Every structure is written in structure tokens, then in C-alpha cells.
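Encoded as C-alpha cells, the following chain is the form deposited in one PDB entry, with no partner shown.
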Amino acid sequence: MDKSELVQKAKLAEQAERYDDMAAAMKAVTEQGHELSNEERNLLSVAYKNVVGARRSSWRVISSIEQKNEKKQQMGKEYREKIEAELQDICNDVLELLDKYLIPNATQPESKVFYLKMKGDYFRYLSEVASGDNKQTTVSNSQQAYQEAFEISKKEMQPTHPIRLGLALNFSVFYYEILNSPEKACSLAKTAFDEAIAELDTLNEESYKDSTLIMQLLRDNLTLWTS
């Protein structure tokens, strides 16, 4: 009843581009305790990626402006720190959702890699704006969530599984952008790409379009990071 209503509201909110509404509705579905279906899991992920993404995008614009007038620079810091506070509230809600509901209520290996990769993602977004001891904490938790998700995927999923591929794509981005290590980044990405291509027979009718798309994104990232 309320779940089906909330999912419809989330669908209407996404159409109306009101992604804060969409995240709120999908948050309520998650807090009802049940394991999210594949449609619900996608709705929640799309909602919060739009919600956190708006603040990441705003933060980046202000950051470039800051770097490019004593009182103006002082003001740029305050508006950026306002956005950073918003960023942390969004990530902490999502990471709470993961640690109380999504991850523990995750039963099959595929969902566990999905939600652990999510935890690494949102800890990574914190690391983009974090500082000091908080940054070292977020970086460690992000890297650890990615690594644990990575080990499960190597043991339970084919190299062409879109969740395994998208996990490798983001883990490589974590090495490039959060740590200052372009070589691991390029190293992880190529390996991931090469294993998927080495196993092109594993592509399945349900996601070959998604598998190939992420394979192409790994390649695009590799070109950008070497050209």
C-alpha cells in the first residue's frame, strides 16, 4: 500500500525532476525493513545520485571560482562550506541507509557487491570535500568498502557482470581522484576491461548493452587518463 504509493511518488518525482522528493520516498521504502527489489534498488540509487550530484556539481563550480579580492575569496569559502555541509548530510543519510538496511538485509552476493560499492561511492564523495582526520577516515572507509565489494565480485560474478564492471570503474576513479595514483587507476581499469573482453561469451541477453557500455566507459576513462 504505502510502499506501492511511495514507489509511484518516486516515479512521479523523477519525471518532475524533483529528486529530493524522489530520494525521500525511496528512503521511506528502504526504512520499511524489507530487502529492496531490483526496481526499488535502482530508484533509490538514481534518486540519491541526482541529489548528491547537484551538490557535487555546485561545489565544483564554487571551487573553480575560489581559485580563479580578499572579501570575495572569504565569501567563496563560506558558500563552498555551506555546500560541503549539505554534501555531508546527504552522504550520511545514504550511508546510514546502507549500514542499517541495505547491506545487512542484502542476502545474495550480487546485492552485496551493489551496496558495498555504493558505500564506497558515498564515502568517496565525502573524501572529495573532506579535510584532515575526517578525510583520512573517509578515504580508509571508502577504499575498504570498495575492496570488500571487489573481492566478492571476483568470486561470484563474471568479469562482464555490469555491477562488477561498474564497481571496477568507480574503484579506478577512486584511485585517480581520491588517491593521487593514476597508475593503479589505469592498472585496475585495464585489467577489468581485459577480463570482460576475454570472456565476451558470458554476456547475457539481459544486460549485454549495460556490460558493453561500462566496458566502453572504462576505455573512455583510460583514454582520458593517458591522452
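Note that residue numbering begins at 1 and tracks the sequence as displayed.
Once the C-alpha B-factors are averaged per stretch, 71-79 and 108-116 rank with 71-79 first. Among all modelled residues in its chain, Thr30 ranks in the lowest third by Cα B-factor.
Residue-level temperature factors show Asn50 in the lowest third of its chain, judged at the C-alpha atom. In the deposited entry, the Cα temperature factor of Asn170 sits in the bottom third of values across the chain's modelled residues.
Ranked against the other modelled residues of its chain, the C-alpha B-factor of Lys135 as given in the entry falls in the highest third. Placement of the Cα temperature factor of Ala196 within the chain: middle third of the modelled residues, per the deposited record.
There is another form of the same protein, the form deposited in another entry; it is not shown, and what comes next is about it.
Split into two rigid parts for the change between the shown form and the other one, the chain puts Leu126 and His161 in opposite parts.
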